[PDB]
Each structure stands twice: as C-alpha cells, then as structure tokens.
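Q: This is the structure I want to talk about, given as structure tokens.
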Amino acid sequence: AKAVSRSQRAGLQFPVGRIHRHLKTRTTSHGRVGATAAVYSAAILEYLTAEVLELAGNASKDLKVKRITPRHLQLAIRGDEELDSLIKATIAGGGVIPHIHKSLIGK
Amino acid sequence: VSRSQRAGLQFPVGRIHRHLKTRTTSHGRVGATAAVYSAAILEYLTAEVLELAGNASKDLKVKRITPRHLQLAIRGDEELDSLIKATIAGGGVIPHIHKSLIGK
Amino acid sequence: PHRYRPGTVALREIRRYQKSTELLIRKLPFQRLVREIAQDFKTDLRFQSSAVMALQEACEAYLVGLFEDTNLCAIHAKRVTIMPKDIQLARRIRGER
Amino acid sequence: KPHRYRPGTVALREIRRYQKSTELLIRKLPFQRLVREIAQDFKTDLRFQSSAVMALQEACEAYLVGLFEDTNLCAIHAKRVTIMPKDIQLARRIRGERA
Amino acid sequence: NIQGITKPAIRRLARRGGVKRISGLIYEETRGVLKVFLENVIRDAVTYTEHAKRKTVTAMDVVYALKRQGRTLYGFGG
Amino acid sequence: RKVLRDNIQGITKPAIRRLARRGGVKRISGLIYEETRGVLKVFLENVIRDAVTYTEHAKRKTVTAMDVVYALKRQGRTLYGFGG
Amino acid sequence: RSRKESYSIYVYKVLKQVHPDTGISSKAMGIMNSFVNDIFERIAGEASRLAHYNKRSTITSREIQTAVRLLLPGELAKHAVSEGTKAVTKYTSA
Amino acid sequence: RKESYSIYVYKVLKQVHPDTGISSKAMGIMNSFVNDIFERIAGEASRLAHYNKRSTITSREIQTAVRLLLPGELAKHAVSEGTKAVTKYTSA
DNA sequence: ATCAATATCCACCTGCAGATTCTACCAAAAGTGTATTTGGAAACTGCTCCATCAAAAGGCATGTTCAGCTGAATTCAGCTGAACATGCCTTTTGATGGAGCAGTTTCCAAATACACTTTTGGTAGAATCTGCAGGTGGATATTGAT
DNA sequence: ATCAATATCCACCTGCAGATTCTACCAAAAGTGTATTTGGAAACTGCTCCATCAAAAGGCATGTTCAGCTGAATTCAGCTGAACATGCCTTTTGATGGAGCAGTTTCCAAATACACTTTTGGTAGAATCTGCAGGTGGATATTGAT
C-alpha cells in the first residue's frame, strides 16, 4: 500500500510525524506518547502560527509593503490583547508601539 | 550498607536516584553519583535554613521552630531571600515602617 | 476623656499586625467567595478544607505584598495616603497590566 | 531669525522619530567592547560568535527601553516630566530586581 | 459576596503592608484586584481538578495553579 | 592584546537619550546617565555570567548565540530571532 | 555535511494560506521559528507535568488539551481546542 | 502512602541544633522547600544535557545546574558539599 | 520640659490541652550479584568562522553657551479619613450523622512500543527573481516670532 | 491673526542585497508484524466534606467630630534642552591565518535490566510537654495643659 503522511491524514500543514518524535525525546522516563497527541499538538501550533501571520500581514498591508518584517510581527503582537499576553518574549527587530503620554504633549 | 551511609549523608541517595530517573528523558540514563551530589545539596541547603531558623527561635526564647521563624531566617538573609521567592504560609512579614510615616 | 491623634492608633495597628501571622480576612466570608467564583467554571464542586486554606494564604500574601508596593508609589508622590492610582501604578510596573 | 525651537519640542520629535524606527540605538563597536570587558573579567581567553554579541545588544536595549517606560510612569505619578534616578530605583524595586 | 470582604479586613491587610493612611476609594479598588487574583488562580485549579476527573478541588490543585501564576506557595504539598 | 577598561562609558550620554526617547521619556535629569550605566552593567553581567557557564559546561571556548539565548531564558528575558 | 531542522516550510505554507500575496523576510521567519519552538515547549512542559500529577506514564491528546487551556488565554484557547479536536477526530476517522 | 523528606529533615535538625524541635506546619514548609529545589535542579540538569545532546544526567550537570540556580556563597558551599559527598562515596 | 492622668506595653510566672515526640510491627523499595547494552569518551581531520589588520570617509560624539520653564520651596484652607464610643448581626465553633466520592483493587481490550525493510519529504547549496533601502524633490504641515 | 523657517510627507525611481525557486542525496517518516502494557472500566470501602443546629462572643457597621493632609496656587533659582562649532572613532569594505567547532569512527567504563534478598520508612496507637493565652503590677508612651 502507498504512503499517506499523517499530516495529510489530519488535514494539517504542520508535520505530525516530526512533532511526534520531538515529543518522545521529551518526557517522562518510560514516557509513552499517544498517536493523537502529536496530531492535536500540530493543530495548535499551526493555528497559532496562522493567527499571528494573519495579523502581521495586515500590518504590512497598512504600510504598503509585500514582505512581513519583524516590525510587523511586533505591531501585530502588541496590538492584540490576547497575543501580547501569551507572548511576553522580546521580538528582535521589533521596536515599541508608538505611544506618548498626554501630560508630555505640548500645552 | 546504604549509599547515603556510604556517601556520608542523612538524605536518601537511593530515593533521590529513583526520583531522577522518572524525570528525564525518554532515553534518560542517570549517573551513579548524580544521585549523591543532588542529595548532598538538598542536605546542605536544608542545614543552612534550619541553622538560621533555630537561631531565630533561640533569640525569641522558644524550643520549637515555627513558620514565623522560617520566614525571619529567610527574609533576613540576603542569599536565601534571593533564592526563595516563594510564600511561606503562616510566615508573616518582616516588621518595618518607613521613616516618613513615623510621627515626629 | 482621652483621644489619640490621627496616625497614632494607625501606627500601633501596623506594629501590631506586622508582628502577628494570623489570616486577616474572616474565614467563612472568604470561603463563600471562593465557592461563588468557582461555581462559574464547574458546578457542584467540593473543596478540601486545606485548599480553601491555601487560597486564603496565597491571597493574603498577595494583597499584603501589593500594599507594600502601593505604599512605595504613594511615598514617591510625597503623600502618606494610598490612593487607587498608586495601586494601578504598582500593578502596572509589575506587568499584571 | 535665528530660529529656536522651544524646549521640549525637539524632544517630542525624537520620541516620535525613535518609536517609529527599530534599529539599535547604542553604537555597535563600543558595546561589543563592553561585552568583552565583562566576559574577560569572568573567564579569560574567550571568543564570541558575532550573533552572540548581537543577541546581547538586542536584549539589553529591549531591557533599558522597557525600564525607561516604567521609570517614566513613576515620573508622571510624582507629577513631573523629568525622570530622575529616584524613579529608576522605584521602578526597579517594584519589578523586584532589588526589592 | 465580594462585599463580604469588609473594609476593616482590608484595613488590616494594608496595615501589615505598612500603610498608615488609607483613601476611601481603595476599598472598592482592592476588591476588584482580589477578585481578578482569585478568578485566575481558581480557573487554573479547577482545570487541574477536571483533568483528574475529580469533583473536589484539592490543595494540590491549588498549589499547582499557584505555581503556574508564578505565585509559589510553601506548606501544602509543595 | 590590549587592556580593556572603562568601556561602560562607551555607552554615551547620546545613546542613553535615544533609548529614553523610545521609552517615551521627554526630560532627563543629569544624574540618570550614570544611574543607567550602572543598571545596564548589573544586567549585562548576570546574563554574560550565565552564558559563559553554559559555554564552560560544553567545554567550548566560544560563547555562542545559543548560550546567550538560554542564559536569557533562565532570567525570564526570552529573546526571539537568534535561536538558529 | 550537517542539517538543522526548521519550521520555515510549514510557516511558509500557512502564510500562503492566509495572505497569498504576502512574503516573509528572513529575520521574521527566524522569529516565527523561535515562536513555534517556544510554544511547543510550554505545551509539552505542561502536558508532562499533568501526566506526572496523575500517575500516568503517557501523554495523550487529553493532556495536550488541558495544557492548552492552561497556557492560552481566552478566545485563543477556544479556537485552538476546536482546531485540535477537529484534527484529532478527522485523524482517527481517516 | 506518601513519601516525605520529614524524616531526613528532622535528622539534619538534630545535627545543627540538637536542642530545637520543629512544628508540623513548619515541617511542611521544609518539605515544600526540598521538593522545589529538587525540581529546579533536576529541571536545569536535564535541559543542560539536552542542549549538549546527551542522554545521561551526570554529576557534571548537577554541579553546573547549581552554579546556575544558587546565588553565590550558597553556590560555593553547595559545590563543596557536592564534590565532598561524591569523592567519599567512590572511595568506600 | 515637668506636672497630670490616661491608656499601652512589657516582663515574669502560671496550668492544661492540643499538638509533638516516642513506640509498635507489616510492604514497597533500596541493596546485591550477573549479563548486556550503550553512550560519550578518546582519537584523527575537514573547514567554518572568529580575531586581526588596513584604510578612508562622514556620521556622530563632545563641549560650550545661553536662557526658558521645570522642580522645589512655601503658604492656605477645604475637607477627607481617623478616632471613637455605640449597637447588634453574622462568624465561630463544636459535635453529628449521612454520604459523596477519592483511592484501591482486580481484569482484558485498546493502544503503544519495538524491530525491520521501503519510501518519501526536507534540507543545503545552486540558480533565478525583485521588493524596497536609501536617494530626491517639491506639497503639506508644524512651530514660534510679531 | 499672518507670514517665515524648518520639519514631515508622500510620491516616484532603480539595481542589488536578499528572497523565492530550482536540484540532489539521506535521514526519517511510513508500512508491516509481533510483543507488551496501559489506563480505562465496574465494584467497593473508608474518609473527609457538606449541612444541620444553636448558641455567646466577638467583630462589623454606623454616626460625630475635627486634626491634619492633600491639593491648589505662587515664586524663582538654576538645570537641562537646543543649537553650533569641531573633529574623532565608528562604520564598512576587503583580505588572512588558524583557532576551534563539529563530523566521524572505534569501544572500554559505566548504566541498565533482571531476579532475589533485606531493610527501612510509613502508618497508627502511646507517651510526654511546649507554649498559648491568661493573671499581676510595674515603667512607658502619649496627650492635655502652670
């Protein structure tokens, strides 16, 4: 019989197989990893990647450019209440969200 | 003849090794001496806290170390305070009032 | 009759309460609140007595710590009264907001 | 005239200028040299991948900029506009970097 | 229920925290903060309960939830 | 090679101003520049000391960007975009 | 020779999916890789612990699901759970 | 039934302070303490081996993990205790 | 500051009960001894990639001046938040009996790890493609003097 | 007001640094088939959890009175921003040598995996005993006021 990738079998773009392997080389000791744990896991990584790329891409549109740069990722992430909370990492290249307090503004 | 006794420690080298196996990873192998070293360290740090805590109970004139003492020993030591930013339940806080609030 | 100047009994309460270690919220009102809150996530739940006790401990730790930082923001603004704008600032530098 | 911008006007231009850009703000060579002085005083005879020195500058600037925002909130709260070292210490304490 | 957390109690807490004079608006403010705190901790605890198919939130479920919020608590099983 | 000293002054008054500009700071008291340099050295030390500990443990002589990335994660200042 | 695995292929695929016109610079892809590995670790981390607390040698889709409820906030969690349940059921059916 | 470090904590107490006893609430804190540090060390040591593509957690990982976790004087003395316990164990 | 009178606090003893410590045996693990198994040491070696050097040019750091406006004093009164002695309602606490339900079991299917033998999907450089950095120039603001 | 004087735009423009696509082995994902657990699934069994009751004793809520704090206003010394002149030292373009990382092997020391034999650590009663929380009475600290 002919090979069908587990990714395909799951309707996913992310690599179920490679993720299953990465999961085995983690935990615990006599740690078993279920068949579907890899599939469920690929689905969320893929979903989250989609959610971030969607927002970054809109950013680069508002800026009249074709290519997503780290700035764009930073705007997308800081802009979204959900993602800003999930991702309190530091985006290299990011910059900050332009913002100035009122009491500094010229009276 | 137990490994703890062999290594010169009160803490249980054997139970620690079995704890380390069931950590990491899927092909996890655990060296003989890692169990001992780990055990040596939990015992050292335990000795260090209990030392200072005992002091805090002698200076308060009591025989039994309570969580209050553990809190005073820890917060009163620069290194232990740095390493333990847990919450000692029933520990209270170090008494301390800011100058500008004191009544002149 | 005998009156104490404002701030005097206040400082006695600080000294008194920084000395003791009991919980300072009443036990039953607290537990009632915990259960009411937990009811919005799962229904008909039981709690270990020690779990209610962990919450109240974690919780009073938390609030007390935060009052210290709030007080520091207040002193920084040359006041002595803490106001909610001090709690806000404190919670913000902490990244809870 | 000769023309002088009033105090605080060029400052606001620079805030906008820099919040808009994303390039590193510290000069590359002096910084690398600082990273070497510090590692040197920790373990002699050490080398650095170029991207290791870069990772450090990214993180440091990220750090200092983030700190100045907190410092700046302490300043406004004290009803000022100028940041002072007193503010930095308050920001840093509350973050529990010194406690 | 949140109002059952009384002004005097909140005054006591502040006192331990080193506070000498308290504005009248702090009381309402604190309740809201304390409610956000318990909401976040319980939600995690109950998530740990359900996964265990239990109907009882244990002290370990709470310790675990707390450890996740980086508010580690010593004295209840870890 | 050549002795390295006083490199903290390599972080000029002008660079610190730019950083405070991105921080949205409008006026800067004169005492900030020296305060800042000191904060930065405490930060840089702690991170470099950890990176180097990962370097020595791997018996390498080269601090890798991976070492710095791990060192930063230890301290809760995760960096994206150097992880190789 | 010697080769590092990446996620760039799959990030690039998902990209075409959402914004078919848009491209991603190299540095930006490097961040997305850090982003994916990061999350993957947090999930596996949490799922590992969950299994430990329940005396369970194995990690199943049910762990991963709880791991995701604990890590993702609000609306992100709800959508992620659907997407993963969906993929899992469609994987067992297929 | 639950393993505890209660026994071994009490033993250590009598060595440093044979006069003092320990209340149970406080003994529960020492437990939390030992578990926490154990988890922190163990976690760091695996990560270490993992970064360096290894499978076995040797005392070399535990020692480095300690350098990374403990603040300084605490790290010296702990390393001392460590290398002390490990040599004496391999002599006997 | 002494001269008052409240009221707080601090030491020194005091007596039981609620916890602590000390005592009594049954298993789940810790300690052996044997037989593989395996990983990560040691040893060459190919070959990125890091330290160093040179050199020229211009982007920036530095130092000065000069004065605008900000921070830090100082004074004021309105009014908020402390103290308090009053009044009662809700928390505490302590058995009590009933029961939900965590936590042990003792099984068999479902699910999972192995262990081989094809069979692709990905990766590392090649080969092509092109967004956009960084340069210009006048609309269009934005500021600040009069 | 309304002009200067500069700063900020926003567009159009082009070759190249940096993407997107083009090929070529290799590690690894996928197909089997067989060996082994797992974590479920009923069935109970104690054990803590909720729900009563039913009081006294706090501890909270309430209304007064006013001290004293915060905030508003006013003033001014001088700190810090802006601009300008100056010229250093960072940046950027190459090359070179060689340190040292990383890819291969070959393989003893060290680790696992049994399979038993002993030992300890966890329970659950037994046996003290620490200190809580309660007296007295003796200075202390606080606040009104010759």
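Numbers here mean position along the shown chain, with the first residue as 1.
Per deposition record, X-ray crystallography, 3.2 Å.
Using N, Cα and C of the backbone, Cβ positions are placed for all residues, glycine too.
Summarising the annotation, Swiss-Prot assigns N6-(2-hydroxyisobutyryl)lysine to D:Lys20, D:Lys86 (among others). The annotation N6-(beta-hydroxybutyryl)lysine is assigned in Swiss-Prot to D:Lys20, D:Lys43, D:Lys86 on the grounds of experimental evidence. Marked as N6,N6,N6-trimethyllysine by Swiss-Prot: D:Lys20 (among others). The feature phosphoserine is assigned by Swiss-Prot to D:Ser21 (among others), with experimental evidence given as support. Taken from Swiss-Prot, the feature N6-methyllysine covers D:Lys28, D:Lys86 (among others), and the record attributes it to experimental evidence. According to Swiss-Prot, the feature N6-acetyllysine maps to D:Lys43 (among others). Swiss-Prot lists D:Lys79 (among others) with the feature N6-glutaryllysine. Residues or ranges marked as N6-succinyllysine by Swiss-Prot: D:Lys86 (among others).
Context for these features, please: burial, neighbours, distances.
A: In the three-state DSSP scheme, D:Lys20 (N6-(2-hydroxyisobutyryl)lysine) falls into the helix class.
A C-beta separation below 8 Å, combined with a sequence spacing of at least six in one chain, links D:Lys20 (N6-(2-hydroxyisobutyryl)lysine) to none of the other residues.
There are 13 other Cβ atoms within 10 Å of the Cβ belonging to D:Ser21 (phosphoserine).
Non-local neighbourhood of D:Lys28 (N6-methyllysine): D:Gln57, each in the same chain, at least six residues away, with C-beta under 8 Å from its C-beta. DSSP assigns D:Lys28 (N6-methyllysine) to a helical segment in the three-state reduction.
DSSP assigns D:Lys43 (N6-(beta-hydroxybutyryl)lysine) to coil, not to a helix or a strand. Within the same chain, no residue at least 6 positions away in sequence has its Cβ under 8 Å from that of D:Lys43 (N6-(beta-hydroxybutyryl)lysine).
The Cβ neighbour count for D:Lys79 (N6-glutaryllysine), using a 10 Å radius and every protein chain shown, is 9.
Neighbour density for D:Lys86 (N6-(2-hydroxyisobutyryl)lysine): within 10 A of its CB lie 16 other CB atoms from the protein chains shown. Under the DSSP three-state reduction, D:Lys86 (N6-(2-hydroxyisobutyryl)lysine) is assigned to helix.
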Q: If I take the alpha carbons of D:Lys86 (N6-(2-hydroxyisobutyryl)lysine) and D:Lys79 (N6-glutaryllysine), what is the distance between them in whole Å?
A: 14
Q: Rounded to an integer, what is the Cα-Cα distance in Å between D:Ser21 (phosphoserine) and D:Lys79 (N6-glutaryllysine)?
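A: Counting only the Cα atoms, the answer is 29 Å.
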Q: Mind pulling out which modified residues among D:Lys20, D:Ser21, D:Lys28, D:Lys43, D:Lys86 sit under 8 Å from chain A, Cβ to Cβ?
A: D:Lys20, D:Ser21
